[PDB]
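Take a look at this one chain, the form deposited in one PDB entry, written out in structure tokens.
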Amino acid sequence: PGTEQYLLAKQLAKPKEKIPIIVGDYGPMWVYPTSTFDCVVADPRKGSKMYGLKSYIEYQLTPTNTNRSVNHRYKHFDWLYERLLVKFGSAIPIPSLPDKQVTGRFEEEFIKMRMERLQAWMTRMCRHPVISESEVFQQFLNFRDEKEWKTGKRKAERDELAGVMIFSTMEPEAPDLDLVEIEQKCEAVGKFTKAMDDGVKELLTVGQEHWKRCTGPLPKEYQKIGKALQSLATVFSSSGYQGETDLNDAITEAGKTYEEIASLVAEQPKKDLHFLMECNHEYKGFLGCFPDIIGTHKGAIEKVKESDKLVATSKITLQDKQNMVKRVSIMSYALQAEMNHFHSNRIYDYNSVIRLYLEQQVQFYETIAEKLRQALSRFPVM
């Protein structure tokens, strides 16, 4: 494995792009820029390059930093995703991008929900203290013409400071950690991410079940009650009896009210549940990256756990053993700084989306109650 390269590398290799890690008040963290920018993904429009009419959708990117816009076709984002995974993937979870829908990819349904999840993906990256400060990300947003875009697309594709070698560009400003503490930190992360992954999968499951229920069978029930009340009122209207127009009208409206409720019920998920599910979908994406990041860290600890045997059988020197110990310590610091970034955002994201979901639900039931109250006020008293 290349993991050995990093731990045993001749290394005297002074880095170009340095990534600092510091110990704040509660654990090792990344260094956050005073000014945090975001990027707007919008204004989709067709593009060309001597093609014809197999025109491709090309989105516009406007960082709220310098408000200077550049364009990018989907393929370009996929390209950045791969470069980020290659370069930072062993240390930072890189949420994957959406896929290819149905071959009608040229209107609202497609390019809008896409421009939707692409916007979320770009925001995460823009807000990441390491990713957003990388050359490949900076140059992806700030290039003036096909000359820069092509030159930047080359040095990035050829940056061998990737995989596990990324840790060699990190400089933790704290003491070295002993192997015991390192192994436990790694084990704890492995355990938490796995538990949450299950917890997140469970929520996404009941979610879709309740979704297919609010758009299928439930709306049909209020629908049946409402037509049943109308059929009845219609029969009543033909009784020939007097002074009934009063009631029958109220009954016909109550039936129509239940129909409006059926439709409101079928359209509610898009206002609340939808968001809860998206947040969880994105988190499964993040959590899906940990099995490999933990594998890399675990693999590193194993190698170091053999350094003594290696020094004993003279396979390596005493200096080399310490370099391994020093380097694996840095990996631990990166894992903890990323885990800190993750927890911080997890708390904020779940607090927001659950508040949002609850607020919408409250509004939903109050609205149903108001509609029922209106139908009631139309019934004569006795």
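Heads up, when I say rigid core I mean the largest set of C-alphas that superpose within 1.5 Å between the two forms. All residue numbers are counted from 1 along the displayed sequence.
- For the pair 10 to 18 and 355 to 363, the mean Cα B-factor is higher in 10 to 18.
- Averaged over their C-alpha atoms, the temperature factors of 54 to 62 and 335 to 343 are higher for 54 to 62.
- The PDB entry gives the largest Cα B-factor of the residues 236, 290, 110, 81 to 110.
- Taking the PDB entry at face value, the top CA B factor among 90, 142, 193, 169 belongs to 142.
- When the CA B factors of the chain's modelled residues are split into thirds, the value for residue 280 lands in the lowest one.
- Sort the chain's modelled residues by C-alpha temperature factor and residue 77 lands in the middle third, per the entry.
- Ranked within its chain, residue 211 lands in the highest third, by CA B factor from the PDB record.
- When the modelled residues of the chain are ordered by C-alpha B-factor, residue 256 sits in the middle third.
- Residue-level temperature factors show residue 247 in the middle third of its chain, judged at the C-alpha atom.
Just so it is clear, the following notes concern the form deposited in another entry, a form of the same protein that is not shown.
- With the core fitted between the shown form and the other one, just one of 184, 103, 205, 263 shows a Cα displacement of at least 2 Å, namely 103.
- Core-superposed comparison between the shown form and the other one: the C-alpha position of residue 343 differs by less than 2 Å.
- With the core superposed, residue 48 shows a C-alpha displacement of at least 2 Å between the shown form and the other one.
- Shown here is a form in which the CA atoms of residue 145 and residue 50 lie at least 3 Å closer together than they do in that other deposited form.
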